[PDB]
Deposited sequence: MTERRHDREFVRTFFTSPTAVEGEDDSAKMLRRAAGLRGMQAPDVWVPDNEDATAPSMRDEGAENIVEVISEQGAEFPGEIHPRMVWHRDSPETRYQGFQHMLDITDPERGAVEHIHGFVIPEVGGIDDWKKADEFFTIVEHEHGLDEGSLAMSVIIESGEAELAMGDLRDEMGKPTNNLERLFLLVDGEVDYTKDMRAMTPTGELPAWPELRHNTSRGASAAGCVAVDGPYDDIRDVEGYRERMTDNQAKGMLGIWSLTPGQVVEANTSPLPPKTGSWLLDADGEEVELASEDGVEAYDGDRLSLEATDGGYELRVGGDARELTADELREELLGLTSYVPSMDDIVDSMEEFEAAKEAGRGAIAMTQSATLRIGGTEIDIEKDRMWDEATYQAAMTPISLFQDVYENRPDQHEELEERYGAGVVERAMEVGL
């Protein structure tokens, strides 16, 4: 239903960073990208890319930058607003921001193709965002249905909601034919699913990607994968994109300008070639070969470190494990929430298993224990 039949790259940029020369600096730069460096879909991100205390200034920055530069951005612009299925205050905040951003007197809306809504739940929560899009349109004299809605699938409920989208979109009490991208959010989804891994890295969730690809094909939407947060792992990003393309998920989230270029080229067929034989800078194949398996103490450390960064006005940071090499991973509030699971489980167990207090004290030490019991 939308102009872009295929979307290779979905790139988010923080809308307002603190410390500050120009808080809009990341948007002004991403707005000047061109050719293979520029994304099919660019997402100024007022949600997890942006510290909370910074989001009001972020939405002004969005209006200001797209005002001045959006006219020749060559991809499509769809900013991410705040939303959450379980928070009416957050829904209202994302609606008020969209309403400000599309005021036609401000010159941004003419260059905005739609908005991206995170944390949606079942289909009746998607109809609530849809109704806000309709109200915004009517309040600002835009054509009905002209702002595309894209959603981030980052809960069990939203994953199930993709099952009946075709007939729910047909109901004439909604305008959900405006739906454009269905985008996985593996980080908050890991959180919602309560998953954990020995390294703390994201599970691969092949079934989620299968279901988001199916859902888009059945409903006329386009499926995009979520963030590959080991931002320096060029080879990993390529292998993930190839795995995605075999599920029919041909687009991927990009966190950096370097990911944009890789993800723009990856699904393009090759120049020539090429026969393969399948019988059977050192730093880079070394990081490819090492992993760390953090202790309960390590986990709390990563969280406090992130906590401090966010409180200082930074939404997203590259966090580092160093040895012997230097392993980098993009952290934000989602990453923080997801990392907490092994701790929430420990706490549940301590609270409810007084008979195990002694072995847990043997296993951790009474000091590590009392620290864990403090978090969140």
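Trainee: In sequence order, which deposited residues have no C-alpha?
Mentor: Unobserved in coordinates, per deposited numbering: 1 to 4, 285 to 327, 372 to 380, 433.
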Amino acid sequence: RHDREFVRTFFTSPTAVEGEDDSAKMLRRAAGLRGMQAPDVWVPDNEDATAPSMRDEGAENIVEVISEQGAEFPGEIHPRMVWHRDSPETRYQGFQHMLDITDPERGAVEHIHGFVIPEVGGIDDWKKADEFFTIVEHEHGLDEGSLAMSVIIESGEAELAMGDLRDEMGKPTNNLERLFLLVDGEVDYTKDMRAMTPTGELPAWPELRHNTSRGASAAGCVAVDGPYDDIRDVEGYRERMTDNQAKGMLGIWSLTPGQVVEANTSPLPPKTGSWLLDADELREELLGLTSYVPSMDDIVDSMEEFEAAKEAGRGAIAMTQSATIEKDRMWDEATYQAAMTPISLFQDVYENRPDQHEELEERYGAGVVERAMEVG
From here on, numbers count along this sequence of modelled residues.
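Trainee: Look up the CA B-factors in the entry and say which stretch, 31 to 39 or 314 to 322, has the higher mean.
Mentor: Per the PDB record, 314 to 322.
Trainee: Comparing 6 to 14 with 352 to 360, which has the greater mean CA B-factor as deposited?
Mentor: Here the higher of the two C-alpha B-factor means belongs to 352 to 360.
Trainee: Could you say which of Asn175, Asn264, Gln93, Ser295 has its CA atom at the highest B factor, as listed in the PDB entry?
Mentor: Comparing C-alpha B-factors across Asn175, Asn264, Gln93, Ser295, the maximum falls on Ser295.
Trainee: Per the PDB entry, which option out of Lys247, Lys271, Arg194, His111 has the greatest Cα B factor?
Mentor: Largest recorded C-alpha B-factor: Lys271.
Trainee: Tell me, lowest, middle or highest third: where does the Cα B factor of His97 rank within its chain?
Mentor: Middle third - that is where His97 ends up once the chain's C-alpha B-factors are sorted.
Trainee: Taking the C-alpha B-factors as the PDB entry records them, is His78 in the lowest, middle or highest third of its chain?
Mentor: Its C-alpha B-factor, which the entry lists for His78, ranks in the lowest third among residues of this chain.
Trainee: Split into thirds by Cα B-factor across the chain's modelled residues, where does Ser291 land: lowest, middle or highest?
Mentor: Highest third, going by the recorded CA B-factors of the chain.
Trainee: Check where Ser87 lands among this chain's C-alpha B-factors and tell me if it's the lowest, middle or highest third.
Mentor: For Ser87, the deposited C-alpha B-factor lands in the lowest third.
Trainee: How does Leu255 rank on Cα B-factor within its chain, lowest, middle or highest third?
Mentor: For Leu255, the deposited C-alpha B-factor lands in the middle third.
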